[PDB]
Amino acid sequence: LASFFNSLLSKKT
Amino acid sequence: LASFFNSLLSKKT
Amino acid sequence: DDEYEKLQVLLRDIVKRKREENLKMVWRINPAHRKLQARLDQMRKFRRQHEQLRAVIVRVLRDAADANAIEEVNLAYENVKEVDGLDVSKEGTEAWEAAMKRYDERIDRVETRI
Amino acid sequence: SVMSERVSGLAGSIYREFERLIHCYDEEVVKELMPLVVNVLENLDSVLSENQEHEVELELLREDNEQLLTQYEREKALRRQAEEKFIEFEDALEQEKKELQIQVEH
Amino acid sequence: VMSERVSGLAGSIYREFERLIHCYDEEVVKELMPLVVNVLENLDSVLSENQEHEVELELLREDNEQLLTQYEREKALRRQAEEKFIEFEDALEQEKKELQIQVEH
Amino acid sequence: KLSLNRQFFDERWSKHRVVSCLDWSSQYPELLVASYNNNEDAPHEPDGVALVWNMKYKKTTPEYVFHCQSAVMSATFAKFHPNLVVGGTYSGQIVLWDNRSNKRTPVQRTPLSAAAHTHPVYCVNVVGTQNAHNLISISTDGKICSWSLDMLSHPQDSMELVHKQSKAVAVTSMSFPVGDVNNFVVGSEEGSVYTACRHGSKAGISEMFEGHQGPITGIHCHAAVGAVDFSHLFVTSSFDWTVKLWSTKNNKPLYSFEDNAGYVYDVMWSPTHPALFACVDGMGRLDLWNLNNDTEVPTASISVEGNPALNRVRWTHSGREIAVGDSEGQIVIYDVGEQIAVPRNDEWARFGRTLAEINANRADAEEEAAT
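Protein chains in written order, with the UniProt record's numbering: chain V, 429 to 441; chain F, 429 to 441; chain U, 424 to 485, 513 to 564; chain H, 23 to 128; chain D, 24 to 128; chain X, 264 to 634.
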């Protein structure tokens with residue numbers, strides 16, 4: 429469940 | 429629980 | 424019944440503690456209210472199905515055949531009703547049996563008519 | 023910990039709002055709010071998973087109560103049926119052995 | 024009644040909401056209010072339902088244990104009564120037929 | 264008996280369109296308007312299109328053709344102006360057509376403002392008298408506005424029909440009792456008939472009528488007038504495969520008619536026979552129900568060849584003919600026999616004994632269910 433928005437974040441890094 | 433975030437918002441608008 | 428069972432347990436454990444003072448020991452008990460208990464059991468086992476039939480009959484049979519059926523149902527209940535069923539005596543018991551037979555014949559005739 | 027459809031749906035709406043707020047202003051909106059949201063989101067799934075266990079335990083133990091009550095009632099009744107047949111057999115054959123005793127005494 | 028873990032996580036998102044409101048503008052959370060009060064109300068209501076289920080669970084478990092014990096004792100009494108009945112049966116019939124062979128003598 | 268009389272179809276206009284409303288002019292009893300949905304095959308063709316047909320002539324061509332750019336699904340004549348045809352469309356315009364004008368474009372239309380209807384309009388009607396009458400239209404969102412028929416750019420009165428902490432109802436049908444202008448009944452998509460008042464202190468929806476589990480698709484108040492009044496009765500049709508008879512004095516349905524094996528679309532009373540109406544289904548079976556004859560079996564039922572879905576049904580003012588409208592677009596007209604259409608002298612009295620018996624049976628059934 430934590431993976432979803434972590435991916436949300438790492439899009440531009 | 430509505431009232432509290434409601435205050436959050438109107439407290440300075 | 425339960426108080427009598429507990430008391431009967433008490434008589435059992437006192438007569439086994441009083442063996443040397445008693446030679447003859449029987450347990451013949453015929454209480455007088457058991458026939459009355461059977462009379463009220465038979466009275467519920469009349470009145471329950473009479474109520475079940477009569478409520479349905481006055482509910483859904485609203513011709514002169516239907517009025518004849520409800521009048522014969524009332525006549526059967528009055529013919530049983532006029533007999534004193536609370537008597538545990540023998541003549542009252544035979545009057546109760548005759549009322550039961552008359553009610554059964556009237557009810558079966560009404561059943562075949564409907 | 024299987025996620026339900028309802029928690030996935032409201033987390034999808036949270037994902038929608040978070041993408042909208044990321045696109046609208048900057049990255050710095052989400053960087054402290056999403057760890058304060060994801061633990062509540064885990065807590066929703068945890069309390070639903072515990073609640074369903076409570077429900078199935080309630081149903082099985084309830085039906086075991088109604089099994090127990092009628093089984094005990096039937097067993098009490100068949101103990102009573104043992105307890106007057108004893109009495110009837112006892113006094114009947116005691117009267118017969120007593121009449122046999124007095125007829126053999128004379 | 025508001026539960027304390029929901030109140031603490033509520034305070035976490037309250038200070039976060041204050042940070043985002045003071046930091047940029049007032050339209051940061053204008054689309055975030057009826058989502059987040061629904062999520063917090065969901066957690067509170069399901070936790071309250073769990074709280075009801077726990078206490079009714081402990082009541083029915085307790086009288087379940089009591090009913091199991093009393094039914095086991097009723098089993099013991101029933102089996103004992105049947106054994107006493109068949110023993111008294113055999114013993115009295117035994118000395119009764121000993122009496123009738125004594126009669127036939 | 265039920266027999267075929269005439270068949271109406273146009274290859275250019277009526278092809279691949281569903282009939283959506285039928286009416287017969289009071290001044291010209293040989294005329295019939297019609298309303299059609301959009302043609303999905305030809306987007307270049309007009310979406311809404313209205314046709315006027317005739318009885319006296321033998322000509323298969325329609326007498327007038329009107330059309331609009333949006334799909335019209337509610338059309339009627341004007342009661343006190345013979346030259347006007349009122350239509351209600353998908354977009355919410357209430358267009359007005361004139362036969363005396365040579366243009367098939369609508370000569371007048373209401374604005375698409377929030378003051379007027381913006382949701383689709385399925386009911387349009389004119390009530391009032393010769394010297395005083397308005398045009399009444401209720402849209403799907405519950406908005407009902409009154410229009411003067413000479414000036415169409417502004418509604419006269421407007422309010423929204425609400426209930427249950429002011430939730431908007433979804434008015435799908437409409438009917439008016441004879442001799443009434445202020446009181447009327449509506450159907451609903453929410454499956455419940457309401458009573459409404461036009462103006463007053465309780466102007467708006469008055470009462471629940473409960474009992475339909477599906478969307479109500481057609482209602483009609485009683486229209487036949489004789490010795491004994493019957494204007495408080497009306498019949499509704501719905502998707503629940505039932506036709507239900509109601510009265511305004513009862514919160515519950517009087518009798519449910521369950522002869523169908525599909526959706527039921529419209530029903531309306533005969534204007535002459537008091538205990539006679541007709542219903543149509545999704546299998547092309549136009550049924551006739553005579554309440555003085557039997558309450559569980561249609562008196563006369565015929566099926567449309569090919570079996571399409573019949574949307575609309577509408578009697579004539581004489582009551583001797585009856586027009587249906589199918590799902591492919593052919594207006595099929597039947598004429599009923601004299602043994603069914605003609606009311607006898609005691610027909611009002613026979614129905615005066617009939618409704619009471621029906622109500623008694625209903626009460627019996629309900630008590631049985633309760634017990």
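Ideal Cβ placement from N, Cα and C applies to all residues, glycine included.
{"Asked": "Chain U within 8 Å of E631 of chain X, Cβ atoms only", "Found": "yes"}
{"Asked": "Cβ distance (whole Å) where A604 of chain X is taken to contact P534 of chain X below 8 Å", "Found": "Contact flag wrong, Cβ pair sits at about 10 Å."}
{"Asked": "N65 of chain H Cβ short of 7 Å to the ligand PLP heavy atom set", "Found": "Among the ligands in the structure shown, none appear at all, so the ligand PLP cannot be discussed."}
{"Asked": "Spatial distance of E105 of chain H from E121 of chain H (CA atoms)", "Found": "25 Å"}
{"Asked": "Reference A338 of chain X, options X:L496, X:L285, X:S289, closest by Cα", "Found": "X:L285"}
{"Asked": "Cα-Cα separation between residue 708 of chain X and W410 of chain X, rounded to whole angstroms", "Found": "Given a span of 264 to 634 for chain X in the structure shown, any question on residue 708 of chain X remains unanswerable."}
{"Asked": "Classification of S435 of chain F by the beta-carbon crowding that lies within 10 angstroms, buried from 16 upward", "Found": "exposed"}
{"Asked": "Cβ pair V387 of chain X, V434 of chain X closer than 8 Å", "Found": "no"}
{"Asked": "Beta carbon proximity, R440 of chain U to chain H, threshold 8 Å", "Found": "no"}
{"Asked": "Residues from the region 91 to 125 of chain D in contact with chain H, defined by Cβ distance under 9 Å", "Found": "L91, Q93, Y94, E97, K98, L100, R101, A104, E105, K107, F108, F111, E112, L115, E116, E118, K119, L122, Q123, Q125"}
{"Asked": "Collapsed DSSP secondary structure at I468 of chain X in the structure displayed", "Found": "strand"}
{"Asked": "Same chain, Cβ closer than 8 Å to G489 of chain X, neighbours up to 5 away in sequence not counted", "Found": "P537, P606, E610, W611"}
{"Asked": "Exposed unless 16 or more other CB atoms sit within 10 angstroms - verdict on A633 of chain X", "Found": "exposed"}
{"Asked": "Candidates X:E591, X:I482, X:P418: closest to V527 of chain X by CA position", "Found": "X:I482"}
{"Asked": "Contact under 8 Å by Cβ, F340 of chain X with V296 of chain X", "Found": "yes"}
{"Asked": "Close-in-space but distant-in-sequence residues of the same chain around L294 of chain X (CB under 8 Å, 5 per side omitted)", "Found": "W287, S288, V315, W316, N317, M318, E326, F340"}
{"Asked": "Close Cβ partners of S431 of chain V (< 7 Å) along its chain, the five nearest in sequence each way excluded", "Found": "none"}
{"Asked": "Simplified DSSP assignment, three categories, for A541 of chain X", "Found": "strand"}
{"Asked": "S566 of chain X versus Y597 of chain X - alpha carbon distance", "Found": "11 Å"}
{"Asked": "8 Å contact criterion, which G454 of chain X and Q476 of chain X should meet: CB distance rounded", "Found": "6 Å"}
{"Asked": "Which of helix, strand or coil DSSP assigns to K430 of chain X", "Found": "strand"}
{"Asked": "Meets three-Cβ-pair contact criterion under 8 Å: the region 300 to 311 of chain X and the region 558 to 578 of chain X", "Found": "no"}
{"Asked": "Residue burial classification, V78 of chain H (beta-carbon count within 10 angstroms, cutoff 16)", "Found": "exposed"}
{"Asked": "Beta-ladder partner(s) of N446 of chain X, from DSSP", "Found": "X:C460"}
{"Asked": "Within chain H, partners of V449 of chain U - CB distance below 7 Å", "Found": "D113, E116"}
{"Asked": "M336 of chain X classed as buried or exposed, judged by whether at least 16 other C-beta atoms fall within 10 angstroms", "Found": "buried"}
{"Asked": "Euclidean distance between Cα positions of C460 of chain X and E75 of chain D", "Found": "48 Å"}
{"Asked": "Contact set between the region 69 to 90 of chain H and chain D, restricted to residues whose Cβ is under 9 Å from the partner", "Found": "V69, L70, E72, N73, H76, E77, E79, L80, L83, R84, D86, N87, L90"}
{"Asked": "Chain-ordered chain H contacts of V62 of chain D [CB-CB under 7 Å]", "Found": "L32, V62"}
{"Asked": "Per-residue burial, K264 of chain X [other beta carbons within 10 Å of its own, 16 or more giving buried]", "Found": "exposed"}
{"Asked": "Simplified DSSP assignment, three categories, for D529 of chain X", "Found": "strand"}
{"Asked": "Span of the alpha helix (DSSP H), counted from its first residue to its last, around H76 of chain D", "Found": "56 to 127"}
{"Asked": "Bridge-paired residues (DSSP) for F469 of chain U", "Found": "Per DSSP, none; premise fails for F469 of chain U."}
{"Asked": "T324 of chain X versus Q270 of chain X: straight-line alpha-carbon distance, rounded", "Found": "11 Å"}
{"Asked": "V449 of chain X versus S71 of chain D - alpha carbon distance", "Found": "44 Å"}
{"Asked": "Cβ pair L375 of chain X, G355 of chain X closer than 8 Å", "Found": "yes"}
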